[PDB]
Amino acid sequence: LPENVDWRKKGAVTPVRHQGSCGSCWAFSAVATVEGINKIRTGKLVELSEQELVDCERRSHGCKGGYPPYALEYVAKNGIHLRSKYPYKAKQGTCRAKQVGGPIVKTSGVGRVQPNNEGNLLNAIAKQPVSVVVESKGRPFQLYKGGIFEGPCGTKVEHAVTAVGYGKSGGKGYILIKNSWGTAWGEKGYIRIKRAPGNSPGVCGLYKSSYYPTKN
């Protein structure tokens, strides 16, 4: 395993986006992982539609919160359209997957990493971008402006994000995360969260529930 990994440098990460006031983080996390694996397999970075998921994947609740593994199952089964063909509007509407055209990106399944273990997570990230969860309700997290984040924060997760890398910053290990709150938050939309060693729920509950899409 490499000491440091950063999928941004390998052209596998699209620019940071803004979910607005719609509890759509679950769709944002899911889309970022599929954009990454599509780049890795085909050599092409294309932007995909969070809105298709919000409108069509209904085991989830649209703008009221959802579930990354379900979103990942929807993509493996139905594939997903381009962001330019089915743009994000921060509100749940009628599913138009079959009315919008343009090409579709499809995957072959979805993997579940065994939670609460640093190692399990690092090996998954070394491979590709991973959907991860975190407790974002605390003021420290909302007011984050930079550095290696340590909380204060509990482990009562409620916000899905995307791990696009990991590394070491002079002595402290961290995990590189792509948030969906725009570029004015954190480190140009990103946050480097401290790495809890070995068996642990992770700082702010980061090791609690991780998924990724597979692609032939």
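The first residue of the shown sequence is 1; numbering continues from there.
When the mean C-alpha temperature factors of 194-202 and 5-13 are read from the deposited coordinates, 5-13 comes out higher.
In this crystal structure, the stretch out of 140-148 and 126-134 whose C-alpha atoms carry the higher mean B factor is 140-148. Of the candidates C63, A160, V34, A163, the PDB record gives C63 the highest C-alpha temperature factor. Between the residues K178, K188, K39, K168, the entry's highest C-alpha temperature factor is the one at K168.
Residue-level temperature factors show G109 in the lowest third of its chain, judged at the C-alpha atom.
For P115, the recorded CA B-factor ranks within the middle third of the chain. Only modelled residues enter the ranking. For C56, the recorded CA B-factor ranks within the highest third of the chain. Only modelled residues enter the ranking.
Sorting the modelled residues of the chain by their CA temperature factor places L121 in the middle third. Annotation for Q19: C-alpha temperature factor in the middle third relative to the rest of the modelled chain, per the entry.
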